[PDB]
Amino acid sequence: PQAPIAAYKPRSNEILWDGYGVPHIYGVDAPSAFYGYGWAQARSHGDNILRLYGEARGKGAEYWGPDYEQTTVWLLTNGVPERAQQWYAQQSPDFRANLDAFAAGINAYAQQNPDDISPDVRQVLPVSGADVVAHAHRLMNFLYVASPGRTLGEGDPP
């Protein structure tokens, strides 16, 4: 029948980054790998990720002012930040631990490397599993499926 090659069994938690800045994340279990993954994403994209998570708490307007207000109004009105809290509580316990680990990794990168975090996204920290759920929820249902432009009667150029 011919089996796939042997899986690798990670014996310690490490990220091996290659020349192009691609993180190879080895965890001894699922929450480790997810933590590693949140660490790596914060290394590579922390500023925007944190900004995006701040928006998905419906706190865009509060953190960054008027250019963020319409998304705030769109997401609060569609009850996105609170549904995220619910969705979070409704996760299976095993998967909830993975989301908590991912948020922890993001937080821990920002902790051990405060110089790498742009000043005006600092107020966002700490981030939580629910934050991670919320952003995914804005992305899928409230950017892809129901865009503010289709409802408010607009949309973006070519």
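One rule holds for the numbers: they count along the sequence shown, beginning at 1.
Item to complete: Select between 66-74 and 48-56 the stretch whose C-alpha atoms have the higher average B-factor in the entry.
Response: Higher mean C-alpha B-factor in the PDB entry: 66-74.
Worksheet item: Of the two stretches 129-137 and 27-35, which shows the higher Cα B-factor on average in the entry?
Response: On average, C-alpha B-factors are higher across 27-35.
Practice prompt. Grab the CA temperature factor for residue 105 from the record and place it in the lowest, middle or highest third of its chain.
Written response: Lowest third, going by the recorded CA B-factors of the chain.
Worksheet item: If you rank every modelled residue in this chain by C-alpha B factor, which third holds residue 117: lowest, middle or highest?
Response: Middle third, going by the recorded CA B-factors of the chain.
Discussion item. Going by the CA temperature factor in the PDB record, which third of the chain does residue 89 belong to: lowest, middle or highest?
Written reply: Bottom third by C-alpha B-factor.
Practice prompt. Would you mind ranking residue 41 by its C-alpha B-factor against the rest of the chain and naming the third, lowest, middle or highest?
Written response: Lowest third of the chain for residue 41's C-alpha B-factor.
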